[PDB]
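*Asks:* here are the coordinates; sequence isn't available:
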Ligand SMILES: [Fe+3]
Ligand SMILES: [Fe+3]
Ligand SMILES: [Mn+2]
Ligand SMILES: [Mn+2]
C-alpha cells in the first residue's frame, strides 16, 4: 500500500457561530426556532461520531444577552462537548452581554472587561479576542487589547495559534455589513503580521466566507439560526431560514483545512459507502492513510 | 462620511463546479435533475444583478463526457455569461473527455492533450490546469505540465494570478477522497511556491472547503448537482440532493475573498433591506464605500 498525500490531522475543532438563542420558547425574530436549528445540528454532529479536540463558538451566543438564553445554551452544549470529549471555547459577539455571559455561561464574577482569554490544547494555542463594543454593533479592538495580544504573540506555540473572534478582518460581499464591520483593521494587522497565527476563526456575517488578513487565513463560519441569502438583489440583504450549519477545522502539520458542514439530510445521490466499505475500498485502491501525530 | 475598511473589489468572478450534466432528460444517477439544479442557480444569479468579470467552471462539466451534455451545458451557460457581460473559463475534471469537450464546448479540433490554458482579464492572469488523467479518476500533473506552468509563472502579472484546476492540492475530511486525490502534490508545490498565484480555485470534493498549499489559498467550490453530507458516519460517504450552489470570488488590492452561495430561498428572517434602503442606511451610519480601481 502507498501513503495518501496527507496524514490524519494533528487537531480537529468544530467551529460553530451565531447561535442567537433567546430566553423561553418563542421563535427568533418571530421567524425561526433557533433552539431547534442548533439542536438538530448538535444531534447530527453527535451521531456522526466526530471526536474533536475542541468546540469553538465565535460569538452572538445569546441574541439579547439574556441570562435564560445562556443557561439554555449551556444546558444544550455542555453535555454535547462532554459526550464528544471536547474542550469548549466561548467567544463574545455584538449581541452578547459580557456580564451575563460571565455569570451564566462561565460561573465567573460579572465584569464588563473584554472577554480576552488564552488556553492550550497540547501544543496548539487558542486565543479568544473580544471585538464587541458594549451598546454597539460594529467591532473594535482597544489599544489595551492590542498590547495584550502582541505580548502573548511575542513567542510562538509548537503547533502555532488559532485566533478566535467575532467580527472578521475581511471585506464582506454585502454592503450593509460595513455599518457593523470591525473598525481600524490596520492596527490589528500590525500586531498579527509575522506571528504564528495559523487561522483566524470568525462569525458575524451569517454566511460562509474566507480570505486572508496580513497573510493569515481567515475563516468565517455561517450561523446556526438563519443565514444571509447571497442571491439577493445586488446591494441589499435578506436573512433566511435555510443553509444553516457550522464549520469543521482540521489542523495538519503543514496546513489548516476549513470545511462547511450544512445541516444533514437530502435524498441520497449515488452510492452510500459505509465506514467499513470505505476501509475496504481504500485498501483495494492500494492506499493507506498515515495516522495522526497525536493518535 | 468615513470610508469603509475595504474598497469595492478590483475583480469579481463566479466560481462554479461539478455540474455533471448528462445527455437527454434523465436524472443524474437516477436521483437528481442536474439540469434543473444548475438552471435554478443560474436564474438566481442572473436575477441578483451580479456582474462578474468572469465565470470559472472548475471541472466535471459533463458526467460521462457526452457530446449532448456539452452542447446542453453550452446552450445554458453561454447566454448566461453574455447577459452578465462575463468571460467564460472552462476547466477539465475527471468525468470530462478532452476531445469531446474541445469539439462541443470549445469549437476546437479534438485533441487528447491536457487542457492547459492561460488568459488575461485586464491585469489579472488566469491559468487553467488539467489535473485529469484519461481513463482514471485520481489527479496527476505531468512533468511537461509542471514545466509549462513554471515557465508561465516565471514572471508575475500586475494583479497576480488565479490558478483554476479540478483536483485540489489539499487534505479532504472524507476518507474515500484519497482514492481519487491529486497525486504527487510535492512536485506542484515546488513550482507554485513563491509565485504570484493568489488563489487556487478547485472542485472535485463536492463540499465547500478551503486551506493553503505552499502558502497559497486554495478554495474548493461545492457542486451544482449534489453534495457530500458532512454529517455522515465518520469514515463513510453519502452524496445528497441538497446544499448545492457555487462560490463568489472578490479580488481586492490586498486579499482575495471566497464566499459560498447556496441555492437561494428559505423564508425571510429579520428585516429585508432593499438596495435603495441599504444605500440610505449606510449613509445614515456615516459610511461610504470607496469605488473599485476598475470602476
Ligand atoms: Fe450574528
Ligand atoms: Fe465531480
Ligand atoms: Mn454579530
Ligand atoms: Mn471530480
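*Replies:* Received the coordinates, thanks. Numbering: from 1, shown residues only, chains lettered A, B, ... in the order given. Ligands and ions are numbered 1, 2, ... in the order given.
*Asks:* and the residue nearest to residue A:179 when sequence neighbours are not counted, how many neighbours?
*Replies:* In this structure, residue A:179 finds its nearest non-sequential neighbour in residue B:285, 4.2 Å apart by C-beta to C-beta, 6 or more residues apart in numbering or on different chains. (C-beta placed from N, C-alpha, C; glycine too.) Residue B:285: 17 surrounding residues under other C-beta atoms under 10 Å in any protein chain shown.
*Asks:* How about residue A:140?
*Replies:* Around residue A:140 there are 16 residues (other C-beta under 10 Å).
*Asks:* Kindly report the same for residue A:158.
*Replies:* By other C-beta under 10 Å, 10 other residues sit near residue A:158.
*Asks:* Then residue A:24?
*Replies:* Using other C-beta under 10 Å: residue A:24 sits among 9 other residues.
*Asks:* cool, residue A:228 as well?
*Replies:* 27.
*Asks:* Give me the spatial nearest neighbour of residue A:59, chain neighbours excluded.
*Replies:* Nearest non-adjacent residue to residue A:59 (C-beta to C-beta, 6+ apart): residue A:93, at 2.7 Å.
*Asks:* Helix, strand or coil: sort out the one you found for me.
*Replies:* Look at residue A:93: counting by DSSP: H, G, I helix; E, B strand; the rest coil, its state is coil.
*Asks:* What of residue A:74?
*Replies:* Residue A:74 ends up helix, using three-state DSSP.
*Asks:* what sits against it?
*Replies:* A:104, A:105 (C-beta atoms under 8 Å, 6 or more residues apart in numbering or on different chains).
*Asks:* what helix or strand does the closest residue to ligand 2 within the stretch 1-150 of chain A sit in?
*Replies:* Closest approach between the stretch 1-150 of chain A and ligand 2, counting by C-beta to the ion: residue A:5, at 18.4 Å. If you go by DSSP states H and E, residue A:5 is not part of any helix or strand.
*Asks:* Residue A:35 is in contact with residue A:27, correct?
*Replies:* No: in this structure, residue A:27 is not within contact of residue A:35 by C-beta atoms under 8 Å, at 9.4 Å.
*Asks:* The two - which one has more neighbours?
*Replies:* The residue with more neighbours, out of residue A:27 and residue A:35, is residue A:35; 22 against 14, by other C-beta under 10 Å.
*Asks:* what sits opposite the nearest residue to the more buried one once chain neighbours are set aside in the beta ladder?
*Replies:* Closest residue in space to residue A:35, ignoring its immediate chain neighbours: residue A:21 at 6.3 Å, by C-beta to C-beta, 6+ apart. Note on residue A:21: beta-bridge partners residue A:62, judged by DSSP bridges.
*Asks:* got the residues of the stretch 51-200 of chain A near chain B?
*Replies:* Counting by C-beta under 8 Å from any C-beta of the partner chain, the stretch 51-200 of chain A comes close to chain B at A:51, A:170, A:171, A:173, A:175, A:176, A:178, A:179, A:181, A:182, A:183, A:185.
*Asks:* Contact partners for the first one?
*Replies:* What that stands for is residue A:51. By C-beta under 8 Å, 6+ apart, residue A:51 lies in contact with A:12, A:84, A:85, A:86, B:234.
*Asks:* distance of the fourth one from residue A:118?
*Replies:* For residue A:86, the distance to residue A:118 equals 18 Å [C-beta to C-beta, to the nearest Å].
*Asks:* Neighbour count: those two, which is higher?
*Replies:* Counted by other C-beta under 10 Å, residue A:86 and residue A:118 do not tie: residue A:86 has more neighbours, with 20 against 14.
*Asks:* Contacts only, for that one.
*Replies:* A:14, A:51, A:52, A:53, A:54, A:55.
*Asks:* I'd guessed residue A:290 sits against residue A:5; true?
*Replies:* No: the pair residue A:290 / residue A:5 is not scored as a contact, 9.8 Å apart, by C-beta under 8 Å.
*Asks:* Between those two, point out the one with more neighbours.
*Replies:* Between residue A:290 and residue A:5, counted using other C-beta under 10 Å, the more crowded position is residue A:5 (21 against 12).
*Asks:* And the residue lying closest to that one once chain neighbours are set aside, how close does it get to residue B:162?
*Replies:* Leaving aside its chain neighbours, residue A:5 sits nearest to residue B:185 (5.2 Å; criterion: C-beta to C-beta, 6+ apart). Distance of residue B:185 to residue B:162, computed by C-beta to C-beta: 19 Å.
*Asks:* So which of those two has more stuff around it?
*Replies:* Taking other C-beta under 10 Å, residue B:185 and residue B:162 do not tie; residue B:162 has more neighbours (27 against 21).
*Asks:* In terms of helix, strand or coil, where does that one fall?
*Replies:* Assignment for residue B:162 (three-state DSSP): strand.
*Asks:* any idea which element residue A:104 lies in?
*Replies:* In the assignment (DSSP H and E), residue A:104 maps to helix A:98-106.
*Asks:* one step back: which of the residues of the stretch 51-200 of chain A next to chain B are close to ligand 3?
*Replies:* Among those, no residue lies close to ligand 3 (C-beta under 5 Å from the ion).
*Asks:* Buried ones among the residues you listed?
*Replies:* For these, a burial check counting by 16 or more other C-beta atoms under 10 Å in any protein chain shown picks out A:170, A:171, A:173, A:175, A:176, A:178, A:179, A:181, A:182, A:183, A:185.
*Asks:* Which of those fall in helices?
*Replies:* If you go by DSSP state H, those have residue A:185 in helices.
*Asks:* Which single residue in chain A comes nearest to ligand 4?
*Replies:* For chain A, C-beta to the ion, closest residue to ligand 4: residue A:270, 12.1 Å.
*Asks:* helix, strand or coil for that residue?
*Replies:* Taking three-state DSSP, the label given to residue A:270 is strand.
*Asks:* Can you name the residues bridging to the closest residue to it other than its chain neighbours?
*Replies:* Nearest non-adjacent residue to residue A:270, counting by C-beta to C-beta, 6+ apart: residue B:239, 4.4 Å away. Counting by DSSP bridges, residue B:239 forms beta bridges with residue A:269, residue B:228.
*Asks:* Please name the residues that touch residue B:239.
*Replies:* Listed by C-beta under 8 Å, 6+ apart, the contact partners of residue B:239 are A:268, A:269, A:270, B:206, B:226, B:227, B:228, B:229.
*Asks:* Output those residues as TSV; include the columns distance to ligand 1.
*Replies:* Below are the contacts of residue B:239 laid out as TSV (distance: C-beta to the ion, whole Å):
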residue	distance to ligand 1
A:268	33
A:269	32
A:270	35
B:206	28
B:226	30
B:227	25
B:228	27
B:229	25
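*Asks:* For stretch A:145-159, give me every contacting residue.
*Replies:* Contacts for stretch A:145-159 (C-beta under 8 Å, 6+ apart): A:10-11, A:114, A:116, A:118, A:120, A:122-125, A:127, A:129-130, A:141, A:161, A:187-188, A:191-192, A:195-197, A:251.
*Asks:* Tell me the residues on chain A that lie near ligand 3, please.
*Replies:* So far as C-beta under 5 Å from the ion goes, chain A lies against ligand 3 at A:60, A:93, A:94, A:204.
*Asks:* How many neighbouring residues does the residue of chain A closest to ligand 4 have?
*Replies:* 17.
*Asks:* which SS state does residue A:50 fall under?
*Replies:* coil.
*Asks:* Contact partners for it?
*Replies:* Residue A:50 neighbours (C-beta under 8 Å, 6+ apart): A:12, A:14, A:84, A:248, B:234.
*Asks:* That'll do, ta.
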